[PDB]
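**Q** Experimental structure below, sequence on top.
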Amino acid sequence: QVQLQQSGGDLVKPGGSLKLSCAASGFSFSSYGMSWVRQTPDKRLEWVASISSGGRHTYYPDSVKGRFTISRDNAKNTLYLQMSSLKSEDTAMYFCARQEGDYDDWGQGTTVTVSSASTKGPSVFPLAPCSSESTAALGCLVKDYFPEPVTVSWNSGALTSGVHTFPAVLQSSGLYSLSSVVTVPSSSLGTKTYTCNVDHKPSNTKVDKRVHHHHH
Amino acid sequence: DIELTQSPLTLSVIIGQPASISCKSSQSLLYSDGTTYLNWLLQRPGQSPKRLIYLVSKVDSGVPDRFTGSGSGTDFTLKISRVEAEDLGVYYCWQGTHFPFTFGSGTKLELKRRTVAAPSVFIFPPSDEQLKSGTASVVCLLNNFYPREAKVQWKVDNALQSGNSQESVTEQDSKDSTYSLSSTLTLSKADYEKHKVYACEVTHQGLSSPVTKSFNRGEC
């Protein structure tokens, strides 16, 4: 199973530097060119860098030339992107991809946010109604974090049906907030428990919150 | 640089109907080697891009025959004979032949339903944990509705609220082509304790009349 596991998202000041890593497994790493592709906040895709299988040839668009360096460790099966003199335009989700140009496999992505603001970890709050009785709803409010992203799962990934995790909103404070909810038949409330798993890697925050069926 | 332009930018298709996505290149993209190198990506919501077609017409293994790629010269086309649930997401074309490698801006495919789906409406009071920190967030949830257009109005003691709430909408659900929406009303704890009735009023084509969900801060 081809696998490209990338480093966590991170905040960098303008002009700052950062090194991203992508650990590959499940294929002959030393036989493939590798690439970095980024997705900007407007969801456009932009090629960032490519490297030949052995590392002799590196390729860059003019927008990053002299600032970014792509490298690879064929013993560790790891791909790197050293970023420097970072600009606000560099804010994006950076994907590690197999092949130089014909991207057959993609990593999960690393969010890089270039800004002067400081990191803030989220507060996680339960969402539960005060009380049709067919469907019931429980949730988690993930409030006031920076930068993006947070990831949310339920019951350590065992629960996927009925889960709605909303896109984050930017509050007037400059902090992000997001909610995730589960909608279940009311009969399920009797015997099942519902726990939201929240991860904010930029602040090293991991929280599991069991949400109770009634408000206190 | 080779510019790739896609059309349409937003694609709404009734389930089962064909759909076509166009990708136009500023220059031709036939190199030497007599090879294509125009590719198509699908990015499903919250997922990594997955290649569907890497040349003009070569379909990646595991992709149904409904997806076909065609074209040559400056204009390229991706066709889905029958649009199914798993086809929703953003489609990108790109060329990996010549530096710099370039992508199209992306085409969002959304599913169109023949019948409406009404939202299930829930309201959530602020948690005691949050109230201790000096803020109160009230959440209104509209679950599994269609069309996307919906009006959410917050009322606090019958006063219409403006400027103190934010909405988020999930991407279209694969299973039934419905949306879900979250609206969060954010108040200070001091302000929250000064009022009694918190209500979310929803207008939607799936509702015969506007539905109001409410709670009383004390009576909970």
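**A** Here it is on my side, so go on. Residues are numbered from 1 along each chain as shown, chains lettered A, B, ... in the order given.
**Q** So what's the residue count around residue B:31?
**A** 12 (other Cβ atoms under 10 Å in any protein chain shown). Bear in mind the C-beta positions are built from the backbone N, C-alpha and C, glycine included.
**Q** now do the one 4 residues further on
**A** Burial measure for residue B:35: 11 neighbouring residues, criterion other Cβ under 10 Å.
**Q** what's the closest non-adjacent residue to it?
**A** residue B:55 (7.3 Å; Cβ to Cβ, 6 or more residues apart in numbering or on different chains).
**Q** Ok, residue B:165 next?
**A** residue B:185 (4.5 Å).
**Q** now residue B:59
**A** Residue B:59's closest residue in space is residue B:53 (Cβ to Cβ, 6+ apart), at 5.4 Å.
**Q** sorry, back to before: quick check: the residue nearest to residue B:35 touching residue B:39?
**A** Yes - Residue B:55 is in contact with residue B:39 according to Cβ atoms under 8 Å; the separation is 7.3 Å.
**Q** Show the contacting residues for residue B:3.
**A** B:25-26, B:102 (Cβ atoms under 8 Å, 6 or more residues apart in numbering or on different chains).
**Q** quick one on the thing from earlier: would you say the residue nearest to residue B:35 is within a helix?
**A** No - using DSSP: H, G, I helix; E, B strand; the rest coil, the assignment for residue B:55 is coil, not a helix.
**Q** how near is residue A:132 to residue B:95?
**A** Going from residue A:132 to residue B:95 by Cβ to Cβ, to the nearest Å gives 53 Å.
**Q** Show me which of the two is the more surrounded one.
**A** residue B:95 (24 against 6).
**Q** was I right about that one contacting residue B:36?
**A** No - using Cβ under 8 Å, residue B:95 is not in contact with residue B:36; the gap is 9.1 Å.
**Q** So if we follow the domain assignment, how does the chain break up?
**A** All of this is about chain A. A:3-114, A:123-211 (automatic domain parsing).
**Q** wait, chain B
**A** B:4-112, B:120-216.
**Q** who touches the residue in chain B that chain A sits nearest to in this structure?
**A** Proximity of chain B to chain A (Cβ to the nearest Cβ) peaks at residue B:96, 2.5 Å away. The contact partners of residue B:96, by Cβ under 8 Å, 6+ apart, come to A:99-103, B:37, B:39.
**Q** repeat for residue B:176
**A** B:117, B:144 are the contacts of residue B:176 under Cβ under 8 Å, 6+ apart.
**Q** Could I get the phi/psi values of it?
**A** Taking degrees, to the nearest 10, you get phi -130, psi 10 for the backbone angles of residue B:176.
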